[PDB]
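A.B. asks: I'd like to ask you about the structure that follows.
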Amino acid sequence: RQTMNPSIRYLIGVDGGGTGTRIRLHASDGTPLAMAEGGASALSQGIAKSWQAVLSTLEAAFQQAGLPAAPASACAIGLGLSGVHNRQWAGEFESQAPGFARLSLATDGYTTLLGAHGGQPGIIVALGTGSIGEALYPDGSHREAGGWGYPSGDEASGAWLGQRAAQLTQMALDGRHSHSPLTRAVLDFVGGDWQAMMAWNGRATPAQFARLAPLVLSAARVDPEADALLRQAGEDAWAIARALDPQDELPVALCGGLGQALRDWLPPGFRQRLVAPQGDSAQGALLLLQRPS
Amino acid sequence: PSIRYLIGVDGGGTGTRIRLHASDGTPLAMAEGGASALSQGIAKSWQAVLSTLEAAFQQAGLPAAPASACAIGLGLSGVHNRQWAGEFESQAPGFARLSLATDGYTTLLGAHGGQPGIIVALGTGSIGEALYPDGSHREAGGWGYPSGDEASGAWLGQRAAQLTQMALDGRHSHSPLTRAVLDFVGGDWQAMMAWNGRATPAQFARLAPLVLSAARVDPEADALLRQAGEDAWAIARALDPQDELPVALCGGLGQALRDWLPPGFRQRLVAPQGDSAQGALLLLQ
């Protein structure tokens, strides 16, 4: 019945990254009070904006739960944000932080891992604009694979698929290759001509390349070139997982919208072992408070 | 009038399958016999066929029949038409009527019941065949081992054997596949050296199920199966670039590859209406 640390009255779980922020507000006893969404809070977009994003979304959580906003000193907050890998961004973030009773900062992927397997050992492979694999071992340890970053890494992510798709189209445009369905679809998407791809590729970002991913999906059923990209993404996803668990000893969940759309191209032996995640990242952020720093 | 029995024969290296019917279509019997691929001897082929036929009549509760009362269609591996096939016809019993063709073509007729369409048959070997609305016929793949027969059992086996050889001499790490193949072959260097020394398409194909099994835990094997799936689709596309014809994947291997097939190809796939023996019957009609 009693709760530890009577000064802490609220438990907050925050999931933030690239496109938005999701917050789960709970009572110190575990009672789910509210759940809210807000703007993006990836650290790469700014520390001050990140907090403004998290706080504004937290402000909505209380309101939504018919409760007056509580002082920071009465709250324990765990956050899984994109950009925590960067030591410098995490520091300014922790430094610019309100006076929460307790703050636990982890990455986007770690809290997704914790939520997917309810805090129990396991692995997750997250495929979105980018990609990463995270694992929690029975001995308490944690490891990562993949997730090194956009240009060179991020295999099986949609930015990876977009880059390849764009490259194939560029090759079709200058004669190194002939056109194919994917290639024609990408050319129209881009603007319809040489100049258009040149301009488009000139200002490309991970999010822009990722917008080509759905074009690879549609084209793959009629174009062997797109089919190979999807298949390679499938193998790379498996490779991420095998590096974290060589003997397939732990449970595995495939997170991300791209992951659901890629299912048919996942190696059968890897797909067969997938399990639905028990909770989302915001849930995992809550679990962060229930463990050591 | 004279013809009282209709015979469907499907012959290859794996065996001979026969469907026996009455001139009116009534099912009389089904029987399987030994290998009758023309590559192993014309006389040997006939004796395997005739022996299987004799068995069919016996299971039909009918007395031994005379060739003159039989109409027979055969789909056998042997495309030396007018040569190996020319010989087969010459050495043939006095049937009321005989119609010869490759097992690929009868697999074709059976799959789409004589309608236009294409098939890709994966077995110890592989080949693609198509029948178009203009009555025309074409094929792709099927050039024979070892340079051809992509996506076949022998294809899969060669690569499985090569990976095992590489593991054995140090230019590759052992993996689930290589351990399986090594054990299957004899457990050591000398065993693989001996096994590969007398290797044949059928022998390599015997390794195919080892690849299928290991694919679930070995990325190497999964890659080969996926390559087979891509090669199959490639075969089909060469015969029908615009996907205007029905397509069927035939053969035991064909069915085992389902999950490794390119999704778009698999979705377009239709199942074979009848087997090769059933296509053999259609051949004589």
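Ordering of the structure tokens sets the chain letters (A, B, ...), residue numbers begin anew at 1 in every chain, and ligands are numbered from 1 in the order given.
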Each residue of chain B lying at most 9 Å from chain A should get a row with its shortest atom-to-atom pair and the distance in Å to one decimal, counting only C-alpha atoms; could you produce that, ordered by chain and increasing number, as a Markdown table?
C.D. replies:
| residue | atom | partner | partner_atom | distance |
| --- | --- | --- | --- | --- |
| B:215 | CA | A:269 | CA | 6.9 |
| B:216 | CA | A:269 | CA | 3.9 |
| B:217 | CA | A:269 | CA | 6.2 |
| B:218 | CA | A:269 | CA | 8.5 |
| B:219 | CA | A:235 | CA | 7.7 |
| B:222 | CA | A:267 | CA | 6.9 |
| B:223 | CA | A:235 | CA | 8.4 |
| B:226 | CA | A:231 | CA | 8.4 |
| B:230 | CA | A:224 | CA | 7.8 |
| B:233 | CA | A:224 | CA | 8.5 |
| B:234 | CA | A:224 | CA | 8.3 |
| B:259 | CA | A:268 | CA | 6.5 |
| B:260 | CA | A:268 | CA | 7.5 |
| B:262 | CA | A:227 | CA | 6.8 |
| B:263 | CA | A:221 | CA | 6.2 |
| B:264 | CA | A:221 | CA | 3.6 |
| B:265 | CA | A:221 | CA | 6.8 |
| B:267 | CA | A:221 | CA | 8.5 |
A.B. asks: Take the residues that were just selected and, keeping N, CA, C and O atoms, output them as a CSV table (one decimal), in the first residue's frame.
C.D. replies:
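In the end it all went to result14.csv:
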chain,number,residue,atom,x,y,z
B,215,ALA,N,18.7,-23.4,-43.3
B,215,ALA,CA,18.3,-22.0,-43.6
B,215,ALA,C,17.7,-21.3,-42.5
B,215,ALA,O,17.8,-20.1,-42.4
B,216,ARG,N,17.0,-22.0,-41.6
B,216,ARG,CA,16.4,-21.3,-40.5
B,216,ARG,C,17.3,-20.9,-39.4
B,216,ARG,O,17.0,-20.0,-38.6
B,217,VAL,N,18.6,-21.4,-39.4
B,217,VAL,CA,19.6,-20.9,-38.4
B,217,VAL,C,20.9,-20.5,-39.0
B,217,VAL,O,21.8,-19.9,-38.3
B,218,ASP,N,21.0,-20.6,-40.3
B,218,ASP,CA,22.3,-20.3,-41.0
B,218,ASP,C,22.0,-19.3,-42.2
B,218,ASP,O,21.3,-19.6,-43.1
B,219,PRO,N,22.6,-18.0,-42.0
B,219,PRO,CA,22.4,-17.0,-43.1
B,219,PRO,C,22.9,-17.5,-44.4
B,219,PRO,O,22.4,-17.0,-45.5
B,222,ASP,N,20.2,-19.6,-46.0
B,222,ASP,CA,19.0,-18.8,-46.2
B,222,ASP,C,19.3,-17.9,-47.5
B,222,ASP,O,18.4,-17.7,-48.3
B,223,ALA,N,20.6,-17.6,-47.7
B,223,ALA,CA,21.0,-16.8,-48.9
B,223,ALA,C,20.8,-17.6,-50.2
B,223,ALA,O,20.4,-17.1,-51.2
B,226,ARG,N,17.2,-18.0,-51.0
B,226,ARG,CA,16.7,-16.8,-51.6
B,226,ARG,C,17.3,-16.6,-53.0
B,226,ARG,O,16.5,-16.1,-53.9
B,230,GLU,N,15.1,-16.0,-56.5
B,230,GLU,CA,15.3,-14.9,-57.5
B,230,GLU,C,15.6,-15.5,-58.9
B,230,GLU,O,15.0,-15.0,-59.9
B,233,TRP,N,12.2,-16.6,-60.4
B,233,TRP,CA,11.5,-15.5,-60.9
B,233,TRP,C,12.1,-15.0,-62.2
B,233,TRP,O,11.4,-14.7,-63.2
B,234,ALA,N,13.4,-15.0,-62.3
B,234,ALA,CA,14.1,-14.6,-63.5
B,234,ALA,C,13.7,-15.5,-64.7
B,234,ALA,O,13.5,-15.0,-65.8
B,259,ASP,N,8.6,-19.7,-48.9
B,259,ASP,CA,9.0,-18.6,-48.1
B,259,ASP,C,10.2,-17.8,-48.5
B,259,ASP,O,10.4,-16.7,-48.1
B,260,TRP,N,11.0,-18.3,-49.4
B,260,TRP,CA,12.1,-17.6,-49.9
B,260,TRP,C,11.9,-17.0,-51.3
B,260,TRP,O,12.8,-16.4,-51.9
B,262,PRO,N,10.4,-14.4,-54.1
B,262,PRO,CA,10.1,-13.0,-54.0
B,262,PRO,C,8.6,-12.8,-53.9
B,262,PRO,O,7.8,-13.3,-54.6
B,263,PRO,N,8.2,-12.0,-52.8
B,263,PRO,CA,6.8,-11.8,-52.6
B,263,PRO,C,5.8,-11.5,-53.8
B,263,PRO,O,4.7,-12.1,-53.9
B,264,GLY,N,6.3,-10.7,-54.7
B,264,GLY,CA,5.5,-10.4,-55.9
B,264,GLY,C,5.3,-11.5,-56.8
B,264,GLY,O,4.2,-11.6,-57.4
B,265,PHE,N,6.3,-12.4,-56.9
B,265,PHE,CA,6.2,-13.6,-57.8
B,265,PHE,C,5.3,-14.6,-57.1
B,265,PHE,O,4.3,-15.0,-57.7
B,267,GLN,N,2.9,-14.0,-55.0
B,267,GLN,CA,1.5,-13.6,-55.0
B,267,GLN,C,0.9,-13.9,-56.3
B,267,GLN,O,-0.3,-14.1,-56.4
A.B. asks: Tell me which of A:166, A:12, A:90, A:42 sits closest to residue 59 of chain A, counting only C-alpha atoms.
C.D. replies: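 Residue with the minimum atom-to-atom distance to residue 59 of chain A: A:12.
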A.B. asks: For each of A:81, A:165, A:43, A:69, take the minimum atom-to-atom distance to residue 111 of chain A, counting only C-alpha atoms, then give the residue where this is smallest.
C.D. replies: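 When distances to residue 111 of chain A are compared using only C-alpha atoms, the smallest one comes from A:81.
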A.B. asks: Select, from A:78, A:189, A:18, A:229, the residue with the minimum atom-to-atom distance to residue 207 of chain A, counting only C-alpha atoms.
C.D. replies: A:18
A.B. asks: Counting only C-alpha atoms, figure out which residue out of B:6, B:76, B:67, B:166 gets nearest to residue 38 of chain B.
C.D. replies: B:76
A.B. asks: Please identify all polymer residues within 8 Å of residue 13 of chain A, counting only C-alpha atoms, omitting same-chain residues fewer than 3 positions from it, and present them as a PyMOL selection string.
C.D. replies: chain A and resi 23-25+77-79+282-286
A.B. asks: Name the residues in contact with residue 253 of chain A at a cut-off of 7 Å, using only C-alpha atoms, excluding same-chain residues fewer than 2 positions from it; report them as a PyMOL selection string.
C.D. replies: chain A and resi 116+123-125+251+255+274-277
A.B. asks: Output the selection as a short mmCIF file (atom, residue, chain, number, x, y, z; two decimals), in the first residue's frame - N, CA and C atoms for each residue.
C.D. replies:
data_model
loop_
_atom_site.label_atom_id
_atom_site.label_comp_id
_atom_site.auth_asym_id
_atom_site.auth_seq_id
_atom_site.Cartn_x
_atom_site.Cartn_y
_atom_site.Cartn_z
N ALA A 116 9.49 -3.37 -24.73
CA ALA A 116 9.16 -4.51 -25.57
C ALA A 116 9.15 -5.82 -24.79
N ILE A 123 15.98 -8.85 -27.00
CA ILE A 123 16.58 -8.05 -28.05
C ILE A 123 15.50 -7.38 -28.85
N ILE A 124 15.82 -6.23 -29.42
CA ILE A 124 14.88 -5.57 -30.30
C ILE A 124 15.69 -5.04 -31.48
N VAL A 125 15.06 -4.96 -32.63
CA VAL A 125 15.71 -4.40 -33.79
C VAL A 125 14.69 -3.36 -34.21
N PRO A 251 14.44 -13.54 -26.35
CA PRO A 251 13.25 -13.19 -27.14
C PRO A 251 13.63 -12.03 -28.04
N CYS A 255 10.71 -3.74 -34.00
CA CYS A 255 9.94 -2.50 -33.82
C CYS A 255 10.07 -1.51 -34.98
N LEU A 274 10.00 -13.81 -34.00
CA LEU A 274 9.52 -12.50 -33.54
C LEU A 274 8.32 -12.61 -32.60
N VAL A 275 8.32 -11.74 -31.59
CA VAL A 275 7.26 -11.69 -30.59
C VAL A 275 6.79 -10.25 -30.50
N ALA A 276 5.51 -10.05 -30.23
CA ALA A 276 4.98 -8.69 -30.12
C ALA A 276 5.54 -8.05 -28.86
N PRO A 277 5.91 -6.76 -28.92
CA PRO A 277 6.46 -6.10 -27.74
C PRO A 277 5.37 -5.93 -26.68
#
A.B. asks: Work out how far atom CA of residue 157 of chain A is from atom CA of residue 107 of chain A, in Å to one decimal.
C.D. replies: 17.6 Å
A.B. asks: Please identify all polymer residues within 9 Å of residue 15 of chain B, counting only C-alpha atoms, omitting same-chain residues fewer than 2 positions from it, and present them as JSON, numbers by chain.
C.D. replies: {"B": [10, 11, 12, 13, 17, 32, 33, 34, 35, 36, 37, 48]}
A.B. asks: Pick out the residues sitting within 12 Å of residue 103 of chain A, and hand them over as a PyMOL selection string; count only C-alpha atoms, and ignore anything fewer than 4 positions along from it in its own chain.
C.D. replies: chain A and resi 8+11-14+72-80+90+93-99+285-286+288-290+292-293
A.B. asks: Compile the contact shell of residue 49 of chain B as a PDB file with C-alpha atoms, in the first residue's frame: residues with an atom at most 7 Å away, counting only C-alpha atoms, same-chain residues fewer than 3 positions apart removed.
C.D. replies:
ATOM      1  CA  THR B  16       8.458 -43.126 -63.373  1.00  0.00           C
ATOM      2  CA  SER B  36      13.387 -43.811 -66.960  1.00  0.00           C
ATOM      3  CA  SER B  45      13.942 -46.448 -69.860  1.00  0.00           C
ATOM      4  CA  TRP B  46      11.431 -48.610 -71.710  1.00  0.00           C
ATOM      5  CA  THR B  52       5.452 -49.778 -64.186  1.00  0.00           C
ATOM      6  CA  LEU B  53       2.657 -50.044 -66.759  1.00  0.00           C
TER       7      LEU B  53
END
A.B. asks: Please indicate the distance in Å from atom CA of residue 93 of chain B to atom CA of residue 77 of chain B, rounded to one decimal place.
C.D. replies: 19.3 Å
A.B. asks: For residue 122 of chain A, which of A:136, A:240, A:105, A:287 is the closest residue, counting only C-alpha atoms?
C.D. replies: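 Using only C-alpha atoms, residue 122 of chain A sits closest to A:136.
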A.B. asks: Which value, in Å to one decimal, gives the distance between atom CA of residue 62 of chain A and atom CA of residue 31 of chain A?
C.D. replies: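 Separation between atom CA of residue 62 of chain A and atom CA of residue 31 of chain A: 13.4 Å.
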A.B. asks: Quick check for you: according to DSSP on this backbone, which residues of segment 135-227 of chain B are classed as helix (DSSP H, G or I)? Reply as a ChimeraX atom specification.
C.D. replies: /B:153-169,176-185,189-197,201-205,208-214,219-227
A.B. asks: Go through B:144, B:114, B:176, B:61 one by one, measure the shortest atom-to-atom distance of each to residue 164 of chain B using only C-alpha atoms, and give the residue with the smallest value.
C.D. replies: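 That would be B:176, the residue with the smallest distance to residue 164 of chain B.
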A.B. asks: Enumerate as a count of residues only all residues of segment 29-153 of chain A assigned to strand (DSSP E) by DSSP on the backbone, naming them with the chain letters and numbers the document uses.
C.D. replies: 37
